[PDB]
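First the structure, in the form of structure tokens, and then the observations on it.
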């Protein structure tokens, strides 16, 4: 599990409301967050599956 998996999700400064996934280490599963559309961090996934495969 890369360290980026444990960094908090980042919405960023753009104004869209795109649902993305992040790994919640406490819960042990990937959950959703609202992404603004630009300046994403590494722990920003397009599906629960991509998220679980990388961070799970």
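Residue numbers in this text run from 1 along the chain shown.
Structure determined by X-ray crystallography, 1.9 Å.
Even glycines carry a Cβ here, placed using N, Cα and C.
Swiss-Prot annotations:
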DISULFID  5-55  disulfide bond
DISULFID  14-38  disulfide bond
DISULFID  30-51  disulfide bond
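DSSP assigns residue 14 (disulfide bond) to coil in the three-state reduction, outside any helix or strand. On its own chain, residue 30 (disulfide bond) has 21, 22, 23, 24, 45, 48, 51, 52, 55, 56 as residues at least 6 apart in sequence with a Cβ closer than 8 Å to its own Cβ.
Each of the disulfide-bonded residues 5, 55 was scored by the number of other CB atoms within 10 Å of its CB, and the largest score is that of 55. Long-range Cβ contacts of residue 14 (disulfide bond) within its own chain (separation 6+, distance under 8 Å): 36, 37, 38, 39.
In the three-state DSSP scheme, residue 38 (disulfide bond) falls into the coil class.
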